[PDB]
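Number of protein chains: 2
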Amino acid sequence: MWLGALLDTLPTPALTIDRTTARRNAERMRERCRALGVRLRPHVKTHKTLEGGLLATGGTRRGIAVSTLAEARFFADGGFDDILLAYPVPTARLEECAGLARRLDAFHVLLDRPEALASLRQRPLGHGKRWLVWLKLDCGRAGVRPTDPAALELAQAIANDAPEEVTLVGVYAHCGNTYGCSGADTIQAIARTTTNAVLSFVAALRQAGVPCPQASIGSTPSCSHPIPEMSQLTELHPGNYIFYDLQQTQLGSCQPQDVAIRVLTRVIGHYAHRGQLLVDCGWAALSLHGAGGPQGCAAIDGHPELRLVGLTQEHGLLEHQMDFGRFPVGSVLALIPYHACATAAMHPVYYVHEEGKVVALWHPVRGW
Amino acid sequence: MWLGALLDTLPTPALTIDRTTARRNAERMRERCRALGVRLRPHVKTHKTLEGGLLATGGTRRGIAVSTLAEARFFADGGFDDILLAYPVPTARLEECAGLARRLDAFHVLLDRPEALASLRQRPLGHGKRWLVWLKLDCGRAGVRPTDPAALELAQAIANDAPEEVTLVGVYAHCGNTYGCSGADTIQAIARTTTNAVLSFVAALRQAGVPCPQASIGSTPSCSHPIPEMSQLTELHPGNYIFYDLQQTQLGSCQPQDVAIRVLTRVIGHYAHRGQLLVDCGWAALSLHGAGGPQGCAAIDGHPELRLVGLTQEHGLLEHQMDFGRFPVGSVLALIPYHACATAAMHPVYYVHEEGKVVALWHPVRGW
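Here's what the structure looks like:
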C-alpha cells in the first residue's frame, strides 16, 4: 500500500493520475455545461472507477454513461443511479438489463433496430417500470440516420406503441468522427452537422407528434470546444476529457497541461552499441494505440529529445545520437500515452497523486 | 458460473480455449524436447494462469519462466518452483526478488550489465542461498553480444568473483527475431545463428575456465521446428505455442488446427446501407495487435468471406457485397486473434472447453 509515497518511489510501470488535473478537468466540463444550460452525463469508460465517476459527476453519483454491463453493475453496486448503457441494447443479455432496470430508478438503454424494440416487448419489466429507451442516431458506426424515413417510424414506435412498457427518453448521438480530423474548426463542423441533424430530427418528431423530451450528443473533442448551437440540446456526454492524452493534444482539444495521465517507467539499461535507453514499460502497460509507427504510442514528458522506437510486452526502447549520462539506470521518465481509454484498460490500479505524493489508489472494473 | 454450458451460450465477447488443443500443444512441445534430449522450461506469459502452467509443465509445477514479478509471486503462491524471471533483473525491486529467492528452492534471475551484478552483491541473500544468475546473450533487444569481449568478463565475474553469494547457472538467449521473417527456413536460420553463437560462447567459457552448466534458448517459432543442433543445449523456453494464433499460422509455426484460442463474438446488428455486420467485440476484447490495417487483427473462423474493417473499444465492423441472412443477429462467430499473448491480456477469465462444452474457467494474474 502506497498512500503518501513519492511518485518516483512506485513500482514501475505505473499508471499515474494527477488528481489536481483530473478535478480541474471534471469541473471545467461541468462549467461548460452550466454555461450552455445543459446537463452533463459523463462517460466512465476512460477510467471505469467509482472515484473517477465521483469526480466527473461532481460528487452526486447520478447521471453517467457506461460501455458495458460490467460497468453498469459496478457503478450500480457503488450507489450510482441514472445510468445510461450507451450501446445497442444487447438483446442476448436482457435478463441482466432487466435486473438493472428493476434495481435502479433510472437505467437507460439505446437501440437503433426495430427487432430490438420487439425483443424489449416480449421481455416486459413489470413493477410499473418501463424500458427507458433512447434512439441512437447515426449522423457512421451505429444507429439510424435521421433522414432515413425508418428512423421516424422507429422513434414513433418506441414512444407510443406501448407507453406502459416502453418509453422514449430522447435521441442519442456520438460525434466520434471528430477522431478522424485535425484542429478546432473541423471538430466544430462535425459538432455542427451533428447538432443540426439532431435538432432537425427532434423538430420532425415534434411535428409528427412523437414526444421526445431529451436530446444527447458529444465527444471529448466537440465538448472541449462547445458551439452555441449545443445549448438547444438537453445534455452532453463526453468522457475522456477527464484524463485527456497525446491524441487529444495532437487534435487540439487540450493543452499538455490538461493531460492528467502518465505511465511512469524506469530506465533499466543502456545500449551504447545501438544508442538506446531500455525502459520497463512495454505494451502490456501502454497498448499499441497510436501505431496504426511505435514512435506515436507515447511521448516522453519534458523530453522531446527521445522517442519510442520499440515495444515488446514488457520492454520499450528509446532513442535520441544519445546521452546516457543524462538518464542513469533507475531514473524515472513519465510517458504520455496516445489514448487514455486504452492505456487505462491495461492497469489494475491507478496511482492518484497531488504535489508529487500518492494520495489515492483507484481500481477499475473490467470485463463484460 | 458456467461449467457445462455450450459455447454459443456464453456472454460475449469471450476468450475461449480448446483444452484438447491446449493439452495437445503442451504435450507436443514436451515430446520435441524429450526427442532432442533437453529440458522444457515453458514461458507462462501468453496465458499467466496456474492451469496453463500445469499443462505446460506436464503436471509438475516446476521449471517455468515468467515476465514479471507479479507472475513470479502468483506462481510461487500456487506452489510452483524453479521459476526463472526472464528479464533483466530489476535492480529497483531487489527486496521483492530476494523475498522470492528465500521462499523458493530455485528462483532464477537474468542480467546483462556489470552494475547489475554489483547491485546483487550489495544485497546478499544470506541463508546459504545464492543468486541464481543467467547471462542474457543478445545474439537484438537486450543482453550482451557473445563476441563482445565484455560478455566473457561479465560471465567470468558472475561465476567466480563471489561463489557464495552469486552463481552462474547458464546463458540465456531468446531468438525473438523469428518474429520478423516468414516461413520455416528463415525461422530455422535464426535458430541456427542463435544456437551456434551460444555454443561458441559456452565453448569459449569452458576454454577460459568459467563453469556454465546450463544453456537456454527458444521462441515458439524456432521450437515449433527444432533443429538438430538444438540438442547440444540443455533447455528450450518457448511459451506461446501452448495457444498459438493467426500470426504463428501466418508464420508457418503451426496449422490452423493448432490454434487453441478464440474470442467469441456476437452479431449485434446489420447495416445494409454499408454492407456491414456489427459485432460485440472491439479492441477491449482483442487488442490492436496485427494492425501496424485492422483487417489483420483477427480472422473469422470458417469464414474467409468476412474481414474486420473497424474496431472501437467495444464494437467491431465486418464486411464481405454482404449476405445478412447468413448471419442473423445473435449468431456467434469465433475470431482468431493475431497475437495470443496480447488478446489474453485483455481477459479477466478464459472459458476452457471440450466438445463444445465449458469444462473450466482459468483466471490470469496481471499487473507488475
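Just so you know, the protein sequences line up as chains A and P, in that order. Our numbering numbers the first residue of the first sequence as 16 and each following residue consecutively. Our numbering numbers the first residue of the second sequence as 16 and each following residue consecutively. Where a beta carbon is used, it is the ideal one built from N, C-alpha and C, also for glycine.
Where residue i falls, given that 16 or more other Cβ within 10 Å makes a residue buried
i: residue 66 of chain P; result: buried
i: residue 120 of chain P; result: exposed
i: residue 48 of chain A; result: buried
i: residue 112 of chain A; result: buried
i: residue 196 of chain P; result: exposed
i: residue 58 of chain P; result: buried
i: residue 137 of chain P; result: exposed
i: residue 329 of chain A; result: buried
i: residue 86 of chain A; result: buried
i: residue 291 of chain A; result: buried
i: residue 165 of chain P; result: exposed
i: residue 142 of chain A; result: exposed
i: residue 178 of chain A; result: exposed
i: residue 158 of chain P; result: buried
i: residue 155 of chain A; result: exposed
Segment limits, beta strand (DSSP E) that includes residue i
i: residue 231 of chain A; result: 229–232
i: residue 122 of chain A; result: 122–126
i: residue 96 of chain P; result: 96–103
i: residue 276 of chain P; result: 276–286
i: residue 78 of chain P; result: 77–81
i: residue 292 of chain P; result: 291–294
i: residue 351 of chain P; result: 347–352
i: residue 369 of chain A; result: 365–369
i: residue 235 of chain P; result: Residue 235 of chain P -> not in any beta strand (DSSP E); alpha helix (DSSP H) instead, spanning 235–239.
i: residue 182 of chain P; result: 181–187
Rounded distance between the beta-carbons of residue j and residue i, thought under 8 angstroms
i: residue 312 of chain P; j: residue 60 of chain P; result: Actually they do not touch by this definition, with Cβ atoms about 20 angstroms apart.
i: residue 353 of chain A; j: residue 270 of chain A; result: Wrong, their Cβ atoms sit about 17 angstroms apart, outside the cutoff.
i: residue 23 of chain P; j: residue 105 of chain A; result: Actually they do not touch by this definition, with Cβ atoms about 15 angstroms apart.
i: residue 55 of chain P; j: residue 279 of chain P; result: Contact doesn't hold; Cβ gap of about 30 angstroms is too wide.
i: residue 345 of chain A; j: residue 219 of chain P; result: Not really, about 32 angstroms apart at Cβ, beyond 8 angstroms.
i: residue 309 of chain P; j: residue 323 of chain P; result: 5 angstroms
i: residue 284 of chain P; j: residue 103 of chain A; result: 6 angstroms
Chain-order list of residues whose beta-carbon lies under 8 angstroms from that of residue i (same chain, five-residue window excluded)
i: residue 369 of chain P; result: 33, 34, 35
i: residue 260 of chain P; result: 274, 276, 351, 352, 353, 354, 355, 358
i: residue 327 of chain P; result: 297, 298
Short Cβ contact (8 angstroms threshold) for residue i with residue j
i: residue 30 of chain P; j: residue 232 of chain P; result: no
i: residue 188 of chain A; j: residue 209 of chain A; result: yes
i: residue 122 of chain A; j: residue 116 of chain A; result: yes
i: residue 361 of chain A; j: residue 293 of chain A; result: no
i: residue 229 of chain A; j: residue 184 of chain A; result: yes
i: residue 146 of chain P; j: residue 135 of chain P; result: yes
i: residue 174 of chain P; j: residue 226 of chain P; result: yes
i: residue 74 of chain P; j: residue 45 of chain P; result: no
i: residue 41 of chain P; j: residue 21 of chain P; result: no
i: residue 204 of chain P; j: residue 190 of chain P; result: no
i: residue 95 of chain A; j: residue 118 of chain A; result: no
i: residue 129 of chain P; j: residue 100 of chain P; result: no
i: residue 64 of chain P; j: residue 377 of chain P; result: yes
i: residue 304 of chain A; j: residue 320 of chain A; result: no
i: residue 382 of chain P; j: residue 363 of chain A; result: yes
i: residue 93 of chain A; j: residue 79 of chain A; result: no
i: residue 339 of chain P; j: residue 287 of chain P; result: yes
i: residue 268 of chain P; j: residue 239 of chain P; result: yes
i: residue 395 of chain P; j: residue 139 of chain P; result: Because chain P in this structure spans residues 16 to 383, residue 395 of chain P falls outside the shown range and cannot be described.
i: residue 151 of chain A; j: residue 125 of chain A; result: yes
Proximal residues to residue i (C-beta, below 6 angstroms), its chain only, five neighbours per side dropped
i: residue 375 of chain A; result: 367
i: residue 348 of chain A; result: 280, 315
i: residue 17 of chain P; result: 373
i: residue 153 of chain P; result: 160
i: residue 212 of chain A; result: 154, 161
Own chain residues within Cβ distance below 7 angstroms of residue i, not counting five before or after
i: residue 246 of chain A; result: 51, 52, 53
i: residue 91 of chain P; result: 98, 115, 118, 119
i: residue 19 of chain A; result: 372, 373
i: residue 241 of chain P; result: 47, 51
Residue i, enclosing alpha helix (DSSP H) - first and last residue
i: residue 213 of chain P; result: 199–223
i: residue 265 of chain A; result: 261–266
i: residue 36 of chain P; result: 34–51
i: residue 326 of chain A; result: Looking at the DSSP string, residue 326 of chain A is not in any alpha helix (DSSP H); the run it does join, the beta strand (DSSP E), is 322–326.
i: residue 72 of chain P; result: 65–72
i: residue 331 of chain A; result: Run containing residue 331 of chain A: none in the alpha helix (DSSP H); it sits in the beta strand (DSSP E), 331–334.
Residue i CB to nearest heavy atom of ligand 1 below 7 angstroms
i: residue 48 of chain P; result: Within the structure as shown, ligand 1 is missing, as the structure has no ligands at all.
Exercise for the section: Determine which residues of the segment 322–340 of chain P have a Cβ less than 8 angstroms from any Cβ of chain D, and write them out in chain order. Expected result: You won't find chain D in this structure, because its protein chains are A and P.
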